[PDB]
Amino acid sequence: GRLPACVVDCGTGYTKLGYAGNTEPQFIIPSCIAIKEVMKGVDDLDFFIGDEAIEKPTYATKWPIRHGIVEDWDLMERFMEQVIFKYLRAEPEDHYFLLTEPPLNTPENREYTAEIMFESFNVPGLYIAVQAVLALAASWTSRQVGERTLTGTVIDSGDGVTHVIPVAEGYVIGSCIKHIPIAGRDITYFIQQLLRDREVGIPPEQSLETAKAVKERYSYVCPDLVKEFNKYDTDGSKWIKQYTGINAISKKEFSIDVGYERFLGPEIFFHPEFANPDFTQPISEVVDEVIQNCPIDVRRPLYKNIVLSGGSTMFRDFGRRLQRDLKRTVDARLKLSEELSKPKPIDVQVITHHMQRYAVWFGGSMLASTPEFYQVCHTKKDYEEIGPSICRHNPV
Amino acid sequence: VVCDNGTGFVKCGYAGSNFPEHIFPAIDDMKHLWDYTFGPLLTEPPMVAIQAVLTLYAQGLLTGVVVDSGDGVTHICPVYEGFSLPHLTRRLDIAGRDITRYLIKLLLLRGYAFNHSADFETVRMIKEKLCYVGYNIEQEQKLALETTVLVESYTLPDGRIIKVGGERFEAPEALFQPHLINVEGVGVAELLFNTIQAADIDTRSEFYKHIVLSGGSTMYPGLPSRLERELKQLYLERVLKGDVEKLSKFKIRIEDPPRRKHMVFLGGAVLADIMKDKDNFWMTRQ
Amino acid sequence: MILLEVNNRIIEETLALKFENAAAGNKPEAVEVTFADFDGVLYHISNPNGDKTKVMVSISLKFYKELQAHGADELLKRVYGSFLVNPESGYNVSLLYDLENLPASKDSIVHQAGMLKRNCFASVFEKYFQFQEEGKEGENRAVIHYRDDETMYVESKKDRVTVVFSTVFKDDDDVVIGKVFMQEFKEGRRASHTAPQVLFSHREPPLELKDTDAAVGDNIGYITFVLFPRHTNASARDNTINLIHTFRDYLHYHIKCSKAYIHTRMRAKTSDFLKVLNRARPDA
Amino acid sequence: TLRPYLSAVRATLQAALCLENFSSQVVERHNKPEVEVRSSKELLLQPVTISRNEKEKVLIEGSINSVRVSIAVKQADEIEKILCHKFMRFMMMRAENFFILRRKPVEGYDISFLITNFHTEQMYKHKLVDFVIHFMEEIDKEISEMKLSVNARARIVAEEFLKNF
Amino acid sequence: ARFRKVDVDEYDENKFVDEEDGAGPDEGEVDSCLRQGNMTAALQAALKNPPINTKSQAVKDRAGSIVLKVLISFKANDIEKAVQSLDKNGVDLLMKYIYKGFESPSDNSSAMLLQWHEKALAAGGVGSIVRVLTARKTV
Ligand SMILES: Nc1ncnc2c1ncn2[C@@H]1O[C@H](COP(=O)(O)OP(=O)(O)OP(=O)(O)O)[C@@H](O)[C@H]1O
Ligand SMILES: Nc1ncnc2c1ncn2[C@@H]1O[C@H](COP(=O)(O)OP(=O)(O)OP(=O)(O)O)[C@@H](O)[C@H]1O
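Residue numbers (PDB author numbering), protein chains in the order written: chain A, 3 to 39, 51 to 354, 359 to 413; chain B, 9 to 35, 83 to 95, 108 to 114, 138 to 376; chain D, 1 to 284; chain F, 4 to 168; chain G, 9 to 30, 35 to 151.
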């Protein structure tokens, strides 16, 4: 009751954690646990997570959630232990828990998660939500929407693999989900290579570090490559930037020039030949193709409500460029149509909002702040009396 | 050639044949069907030869009760001798598509990413192999939760393997309950009992020993046996009046022919001797 | 961590981050965080009247009348002097930090802001330690219902201070595990002879409290902590209270971690069974 | 006496694991484990029990196409009782993977197996027998190790807290 | 539903019915042998005229007691010889009584019974156990 239910969003790279009712998460922490090299014991108790677990290099970093799937269940379980007792500081019997999950997890994996939550932490209530549905719900706070709907298309890009998922009435249409290989990490590697070949005086073993910062501080989407290149080659004084970091080795300052990578980094989706050599096919056609694979009768609302999720979507004007390109693809198809040829083509929107970074966590907090959440949770008593049917399935 | 038009399936073939040379639903529109059927006598259901006579004909019978369940509707047509009895015959709304659709929802709740449109045919087959009604719920649920053998594996077209257990019996059941259906029936068994009982009192026993099944919806495994068990309980419950003895005496027999899937067609085909000129008969061809 | 934190980590990271952003010279962003702690304690961190340059920390507690009856006011006023403002509506205590007037040592205020719950409990202990050191015996025992179904008893004796916890274990199997933990606690002097003595009675109160309305039942456990002069004397105090007020949560933490460990071991063995079976399953 | 008992259980399993494919006599086109449904008495064999003492025993129920095996596991004290209950439940939750396990034990036993002709066709029946014996031996050893584990961790936990005063 | 509560199958004429009809070994005789330390002789007498045909469990439970009484009175090293004195039929019957015994453990009764099982198995093979399983008329 009286307290706000704990909201834990375990992502491929970053875990968002906090208490319901809050606008932003209380923690955003790296989703890997640094471990030693069973070890009963004193070896046990010993762990690090976040920043600490990262920080030593030597001592091996694992991905407690990679691709939205728990890497080892034992290590994932230990992760949840410290998530609860060290950071959230919640007495677990007094708080309902909301956890999140990516699409395509099997019911067996859901039972393993619930088994851990109920038989180890004795929680009073648990709900396991699919990331996309709460993220869509999270978008209802945006001014661009006026009526609540739970039908829409979610572009979920993480740090491992981006998924394009059309969802209708709260259930993922599993047969139409598509995966695209490429993510934050690919952007880091290519830009890293790009700096190596152009800028000099950058010590190799701290190349990624620097790389992440440049992307975080200077990347953007440009509207046209050649005009922009000409821009840099013309008004270099107010377009070329300088970045200065400190060498983790020798404690000295290195200054690098920041140029073309600014617009070339986020550009890569758009022309998929960029990102991998294998990707012939651009993002506008894949999203259109995905929508086109679902029933024709339901292809009205899906075009009107494309929502973004994950940090990979926080690059200025991403949605605008996507909206334009999609309008071009749709218009071209209906152009072909007309010529061959009626009903008017539906308007196409992409919803943007201020909480796009961790839309998932926000959605969790908003739903978990309502009485209905308390209604739909599975109680420990029902787990004991019914068993394993209950926790797999959503609330009646 | 014999053409048997059904709401969800059209069986066309020749005479003194076996099975339809073609089973394909027709795409004004009825006249359009001629273009893809005839091109590269007539059979009419109880709105020339009443299918009840037909189904029975192929069985070498003239009297009896025909239970025909297809895609769109299910009928219980009692036939006396050569003719049918347009008055006794009753209709069941109860359904194929709905069950297939319900099985999809149930599998979805289990956690399988099925789509109602894209995967309709696939799940229809899972229903066509694993999934139908059971004698009781509490016992069935126990079998589903306690043995592995509910729990049958089924290979989807993409190679993935899923599991189907309690949903095998869970989908018929909506339809039974008054709860969810929001309509009051019977079924089919109780519907069969009433039809025969509301009939005479002489050839009533005659009907009971000649109940014949027809249509694809009567091919789900165990149907004949379920019908019998339900009729014995209903007979026991009403006419028998709980007398252990009046049970031994009763005669019961549900004819469930191997080729009952297209029993109407099979009938119809060998009915049909050839008239020398086709040419002269009709008003039109006239 | 492992030892429970006096320090609220969410409060410490949030305020440290805010002071560092202030010190860097960035404009402050709004913060509004509502969260809890053990024993029905509720915190709120916000910007009063929407002014992002002011940060208010408010605490709301159920305890409070009982602790107020035992000296709380003097200690809180002694510690927080000036930071302290009129309590926000809906809460019992509010602290206000002006980002435009921060002190030279920010870590010390981060630490003290963490202390907050501990400093709320401290006065009752300090009061009875003074009583004990002065020999004022026969004083009525303090009874603090820190949780809806948990009770705390504090008693001063001639040569010792006893601290009794009446705790409830709602899920049956933790009682069985707990008896093992309390048995190990009973033998703790075999490793630390200068350690505070601990007793435990299951489903029945200690005789000294038998004359009250103490709970009896299958899920109740009584723990007594015997504190000698070495834990009640002047240096001793702060460390003692820091450990004694987190003890209950420490116990619940280790019970849960033991069950978790058993699950991991068990998981490993089931994986091994599946491997044997597949070895057993015919190759073809 | 642990060795002898297992000898008697093993021989009984050898006798009971003589199964064949049996199509249902009761339901058209059904195939069901006869020991579970029990709709044809003539297809059921005489249930037999082997006991080592008042507490440890194995119940073996045969039929033409299936055998149900139930084991009462050694549980000397409370912690062994809870460890055993948790471990059997853990395995039972995973019955789909551990495909010869019943999801619930026969009343009066801690764990039950259901072995059908489909198992004896795809696995060497003599290795199925070896497996049950192996299982009986290993669950006992694991329960003992679990017990030592909890006790060992409890000592370090009491010591770590107490030494810090 | 009600009409579904009745198990009509119990009156199905097509079912299967066992062939049934309508005392045990001599108690006094077994006691005589035992009293005289004649164990093998007691074993052979206890195995006589088993109530394979009675309906009441009282008479069956009686013979099982007598047989069990004898098996318990035996010395470990003398089991093999007694077992080897029996014919195949005796060995099969002994195996039936042994399994019977497994159902009434008390003290170390199962401990010696496991010894009997071992020796009986050595003599009659797994086939003797098979015949415990499919007996329709048993001890
Ligand atoms: N404004 C921004 N500009 C550029 N990158 C950003 C911005 N905001 C966030 N990001 C990036 O997003 C990344 C984190 O992405 P995300 O949160 O989607 O991963 P995740 O949550 O672990 O994945 P998932 O939860 O989908 O498994 C960070 O590495 C960061 O670079
Ligand atoms: N082998 C089978 N077992 C169970 N059900 C089946 C089988 N084959 C088909 N069905 C079901 O039967 C239904 C259709 O039956 P069928 O095609 O024989 O009748 P129909 O000709 O379509 O209908 P009607 O003639 O009554 O208008 C389908 O919905 C399908 O689910």
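Built from N, CA and C at the ideal position, the CB exists for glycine as well.
Residue i CB to nearest heavy atom of ligand 2 below 7 Å
i: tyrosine 310 of chain B; result: yes
i: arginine 214 of chain B; result: yes
i: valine 163 of chain B; result: yes
i: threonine 293 of chain B; result: no
i: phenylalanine 17 of chain B; result: yes
i: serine 307 of chain B; result: yes
i: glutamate 218 of chain B; result: yes
i: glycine 358 of chain B; result: no
i: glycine 14 of chain B; result: yes
Heavy atom of ligand 1 within 7 Å of residue i beta-carbon
i: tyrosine 16 of chain A; result: yes
i: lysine 228 of chain A; result: yes
i: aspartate 199 of chain A; result: no
i: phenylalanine 242 of chain A; result: no
i: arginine 374 of chain A; result: yes
i: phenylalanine 328 of chain A; result: yes
Listed by chain order, chain A residues near residue i by CB distance under 8 Å
i: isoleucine 159 of chain F; result: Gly54 and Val55
i: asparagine 205 of chain B; result: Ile186, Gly187, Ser188, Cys189, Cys307 and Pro308
Burial state of residue i, where buried means 16 or more other Cβ atoms lie within 10 Å
i: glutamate 128 of chain A; result: buried
i: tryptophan 76 of chain A; result: buried
i: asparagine 65 of chain G; result: exposed
i: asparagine 8 of chain D; result: buried
i: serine 123 of chain D; result: buried
i: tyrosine 91 of chain B; result: exposed
i: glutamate 218 of chain A; result: exposed
Own chain, CB closer than 7 Å to residue i, minus 5 neighbours either side, in chain order
i: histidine 80 of chain A; result: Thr14, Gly173 and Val174
i: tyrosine 146 of chain D; result: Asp39, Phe63 and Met152
i: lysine 254 of chain A; result: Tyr231 and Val271
i: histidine 122 of chain F; result: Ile103 and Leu131
Cβ-based neighbour list, residue i, same chain, cut-off 8 Å, excluding 5 preceding and 5 following
i: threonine 194 of chain D; result: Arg230
i: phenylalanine 131 of chain A; result: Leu139, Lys397, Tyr400 and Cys408
i: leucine 347 of chain A; result: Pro362
i: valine 299 of chain A; result: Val177, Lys191 and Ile193
Close-in-space but distant-in-sequence residues of the same chain around residue i (CB under 6 Å, 5 per side omitted)
i: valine 82 of chain G; result: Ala54, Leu55 and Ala58
i: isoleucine 193 of chain A; result: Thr175
i: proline 115 of chain A; result: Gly81 and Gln144
i: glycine 24 of chain B; result: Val360
Contacts of residue i in chain F (Cβ-Cβ under 8 Å)
i: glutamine 56 of chain G; result: Simply none; closest approach about 23 Å.
i: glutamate 128 of chain A; result: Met96
i: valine 180 of chain D; result: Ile82, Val153, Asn154 and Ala157
Interface residues of chain B facing residue i [CB-CB closer than 8 Å]
i: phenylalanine 138 of chain F; result: Result: empty, since nearest Cβ-Cβ is about 17 Å, beyond 8 Å.
Contact set between residue i and chain B, taken where Cβ atoms lie within less than 9 Å
i: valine 25 of chain G; result: None at all; the shortest Cβ gap to chain B is about 16 Å.
Contacts of residue i in chain F (Cβ-Cβ under 9 Å)
i: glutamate 18 of chain G; result: Ordered by position in chain F, no residue passes the 9 Å Cβ test against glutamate 18 of chain G, which lies about 11 Å from the chain.
i: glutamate 13 of chain D; result: By Cβ distance, chain F contributes nothing, its closest Cβ being about 25 Å from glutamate 13 of chain D, past 9 Å.
i: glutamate 345 of chain B; result: Simply none; closest approach about 14 Å.
Closer than 9 Å at the beta carbon, the chain A residues around residue i
i: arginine 214 of chain B; result: Chain A residues near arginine 214 of chain B: none, gap ~15 Å exceeds 9 Å.
i: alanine 24 of chain D; result: Within 9 Å Cβ-Cβ: nothing; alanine 24 of chain D doesn't reach chain A, min ~15 Å.
Closer than 7 Å at the beta carbon, the chain B residues around residue i
i: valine 30 of chain F; result: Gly312 and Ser315
i: residue 357 of chain A; result: It's not possible to place residue 357 of chain A here, given that chain A moves directly from 354 to 359.
Proximal residues of chain F, C-beta to C-beta of residue i below 7 Å
i: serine 192 of chain D; result: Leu165, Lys166 and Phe168
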